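Asker: I'd like to ask some things about the structure below.
Backbone-built Cβ (ideal geometry, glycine too); neighbour counts: all protein chains shown. Each answer follows from the model by the rule given with it, or from the source it names; these are not laboratory values.
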Amino acid sequence: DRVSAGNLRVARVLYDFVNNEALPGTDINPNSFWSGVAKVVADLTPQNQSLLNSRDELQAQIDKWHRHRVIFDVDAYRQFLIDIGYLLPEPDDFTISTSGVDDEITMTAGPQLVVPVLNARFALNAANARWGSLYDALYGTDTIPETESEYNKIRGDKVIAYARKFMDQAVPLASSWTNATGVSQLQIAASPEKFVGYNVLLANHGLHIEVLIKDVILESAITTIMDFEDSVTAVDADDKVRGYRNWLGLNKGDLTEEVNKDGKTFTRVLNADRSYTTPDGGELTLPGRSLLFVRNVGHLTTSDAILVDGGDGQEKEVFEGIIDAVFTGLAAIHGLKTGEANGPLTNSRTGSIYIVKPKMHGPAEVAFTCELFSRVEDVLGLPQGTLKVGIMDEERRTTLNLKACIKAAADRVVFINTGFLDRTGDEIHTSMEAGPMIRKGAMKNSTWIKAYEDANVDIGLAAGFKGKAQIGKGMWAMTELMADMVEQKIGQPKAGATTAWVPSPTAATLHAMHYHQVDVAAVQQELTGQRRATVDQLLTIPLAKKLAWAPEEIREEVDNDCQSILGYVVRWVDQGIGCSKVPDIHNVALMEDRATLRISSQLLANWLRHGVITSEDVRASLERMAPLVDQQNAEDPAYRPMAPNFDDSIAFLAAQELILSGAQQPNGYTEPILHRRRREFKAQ
Ligand SMILES: [Mg+2]
Ligand SMILES: [Mg+2]
Ligand SMILES: [Mg+2]
């Protein structure tokens, strides 16, 4: 069940999906498509492999360098990084030129949702999360404490009062909103231009508020990243094709999903755009859906969805990132076109497609991404420059060369984002040989992470992002702890981030309040010109000093890390579920994703390498945490317990192998082990 398409031996499920579902309506001759795809693969594969080899070669050099330099000669270290080509010169100041970009990205500051593309139900909700009920968000979360079955009026009243107080912040009266006796320029029984329409529609900081006359709706997830990478499990052509079909469906605009509850079924569909009467009596139409990005995989992994003849290989698995650019690009044409075969809805209003590119190391790797995109646009007949790139700043070689990384994509970049979880994973792996690292929770307060976050913004603004491309920060992982999020996450817009990552539609609605409270444009303007971080700060390796930890602190870290690896991996391996809510050793429900795994496994691998803990301690902790995870999953009938037969569980062995072999994984990446182990489970 592979179709010969010249040099490509394509899994039929993929071949049929492309020819039967994706190609018609694109005006791309099917034979030209496969031939052109063959050629991109032939031409770009050697450079892809070469880039990966450079990764390994640099890491080998750093490992060796630390063998005797074990401490700290900062100057010698820095000059070594220069000599080996790890740290490259900063180019001169420039301004990005990226154009054809939507207003959601250039003009608006607000939340950005990330969702697993493989889950249609979740994807649909994510795309529809552009608008959400503040009342539902308040009532349904701990943002309104339970202090002091059916609706509860004493809660609803707190909800109403909270929204009222929010109204006084975002759309202030001339002379609280509470005292309003009714509404009719708008009148209530400060800035009159914040009345934009009715069907009552208000705008503050470029974001809409709708008061139903009853409820307050907030424009919430302005943009949404449909994720093929860390939040999904996709290890073969079957899984990939599920992902590509959902993405195709979102871009056609006809993705639907049946939802059955309480003996009733409703079909989930995409929301229409929203019409209003303007105050002059004219018409206004606003987007009903989040502007969609897609997160492709990075440069590392290969996929047997296509096996390749020619070049330097023998039926070589194709590079996954290459095929993601092709197939996510192809599907996204329908989100730009308006013919009969292209579905009822479009995504961009401006002729762009937005791909998030993760896990890139350094400017050559950004240049290669841009060439891939260029070659794909050629095969697809999209104008050059249509595939715009969201750059994840989440690898040390990228952070340290960030200005050159942006310049390498100056014509295509629509964001940068501090993917802080991967970035910490890379920090640990890169300096693995330097000595034992501080605890995961100490990393938050480290010199390097502070310079990483600040540099990103500075370099962004210095490259002229204000008004042209987002500057983003990272995910809030604690899904039930929304009072904490409303309290803490205001820090990101206050730091000049025009966007930050949220885990669900409800979190998007609550985080949107922060952008009403903080004028991110003015914050960005006050940041303009400032230089708040240094290369020497970034190069401060977060090594633990001696006598850093009482033995209980060591033990708390180990169990916490093992429980989190196990809770996430067991669902990954046994169920093919890539984004799980997993309760830590302190109880709290977290969004675990592959990057959370990278951090935990690398920290443990580092502690093992330097004798902070033993192999025996690791096994012991894993065995102790297994049944806790089994217990957490008990009410799920699809779950199979890991205990007591730990060595018969592929999931368990996968968690063990991530830690015990963690030091040998390229840059600490979890895919080689996880992909291997998921395939093993499927074939069992
Ligand atoms: Mg369409
Ligand atoms: Mg649209
Ligand atoms: Mg990441």
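This table checks each residue for (1) in contact with a helix residue (DSSP H, G or I) (Cβ under 7 Å, 6 or more places away or on another chain); (2) assigned by CATH to the domain that holds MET360; (3) assigned to a loop (DSSP other than H, G, I, E, B).
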{"site": "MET226", "(1), (2), (3)": "yes, yes, no"}
{"site": "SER231", "(1), (2), (3)": "no, yes, yes"}
{"site": "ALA234", "(1), (2), (3)": "yes, yes, yes"}
{"site": "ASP238", "(1), (2), (3)": "yes, yes, no"}
{"site": "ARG242", "(1), (2), (3)": "no, yes, no"}
{"site": "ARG245", "(1), (2), (3)": "yes, yes, no"}
{"site": "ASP254", "(1), (2), (3)": "no, yes, yes"}
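Asker: So is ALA522 surrounded by fewer than 17 Cβ atoms within 10 Å (Cβ to Cβ) and either in contact with a strand residue (DSSP E or B) (Cβ under 9 Å, 6 or more places away or on another chain) or among the small types (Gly, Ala, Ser) (or both) or not?
Answerer: Yes: the conditions hold for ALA522.
Asker: Would you call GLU258 in the same structural domain as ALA11 (by CATH), touching a strand residue (DSSP E or B) at 6+ places or on another chain (Cβ under 9 Å), of a type in the set (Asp, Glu) and not in a loop (DSSP other than H, G, I, E, B)?
Answerer: Yes; evaluated as a whole, the condition is true for this residue.
Asker: Hey, another quick one. Just give me the residues in segment 409-440 being outside any strand (DSSP E or B) and either at positive phi or of a type in the set (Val, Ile, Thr) (or both), in sequence order.
Answerer: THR424, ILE428, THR430, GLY435, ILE438
Asker: Could I ask something else about it? Regarding segment 333-354, can at least one residue be identified that is within 16 Å of ligand 3 (Cβ to nearest atom), crowded, with 24+ Cβ neighbours inside 10 Å and farther than 12 Å from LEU382 by Cβ?
Answerer: Among the residues of segment 333-354, not one is within 16 Å of ligand 3 (Cβ to nearest atom), crowded, with 24+ Cβ neighbours inside 10 Å and farther than 12 Å from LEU382 by Cβ, which makes the answer no.
Asker: Keeping to segment 99-114, report how many residues are touching a strand residue (DSSP E or B) at 6+ places or on another chain (Cβ under 6 Å) and under 17 Å from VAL356 (Cα atoms).
Answerer: The qualifying residues number 8.
Asker: Let me ask something else. If you check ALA174, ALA120, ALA189, which single one turns out to be on the phi < 0 side of the Ramachandran plot and touching a helix residue (DSSP H, G or I) at 6+ places or on another chain (Cβ under 7 Å)?
Answerer: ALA120
Asker: Looking only at segment 257-287, how many residues end up being within 16 Å of ligand 2 (Cβ to nearest atom) and polar (S, T, N, Q)?
Answerer: Here the count works out to 3.
Asker: May I pose another question? Which one is farthest from ligand 1 (Cβ to nearest atom) among residues in segment 247-291 that are over 30 Å from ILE209 (Cα atoms) and not charged (D, E, K, R)?
Answerer: Filtering segment 247-291 for residues that are over 30 Å from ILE209 (Cα atoms) and not charged (D, E, K, R), the one farthest from ligand 1 (Cβ to nearest atom) comes out as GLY263.
Asker: Enumerate the pairs (first residue in segment 321-346 and in the same structural domain as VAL13 (by CATH); second residue anywhere and within 16 Å of ligand 3 (Cβ to nearest atom) and part of a helix (DSSP H, G or I)) with beta-carbon separation below 9 Å, excluding pairs fewer than 6 apart on the same chain, so at least 6 apart or on different chains.
Answerer: These pairs meet every condition: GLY321/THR369; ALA325/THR369.
Asker: Report yes if some residue within segment 551-564 is surrounded by 18 or more Cβ atoms within 10 Å (Cβ to Cβ), among the hydroxyl-bearing types (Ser, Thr, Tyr), part of a helix (DSSP H, G or I) and touching a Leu at 6+ places or on another chain (Cβ under 7 Å); otherwise report no.
Answerer: no
Asker: Follow-up. Of the residues in segment 639-659, how many are over 19 Å from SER580 (Cα atoms) and touching a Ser or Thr at 6+ places or on another chain (Cβ under 9 Å)?
Answerer: Within segment 639-659, residues that are over 19 Å from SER580 (Cα atoms) and touching a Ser or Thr at 6+ places or on another chain (Cβ under 9 Å) number 2.
Asker: Ok, one more. With the requirement that a residue be buried (at least 19 other Cβ atoms within 10 Å of the Cβ) and either of a type in the set (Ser, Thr, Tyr) or part of a loop (DSSP other than H, G, I, E, B) (or both), what does segment 638-668 give you?
Answerer: Across segment 638-668, the qualifying residues are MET642, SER649, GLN665.
Asker: Taking the criterion of being among the acidic types (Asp, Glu), in a loop (DSSP other than H, G, I, E, B) and under 14 Å from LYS440 (Cα atoms), would at least one residue in segment 574-589 satisfy it?
Answerer: yes
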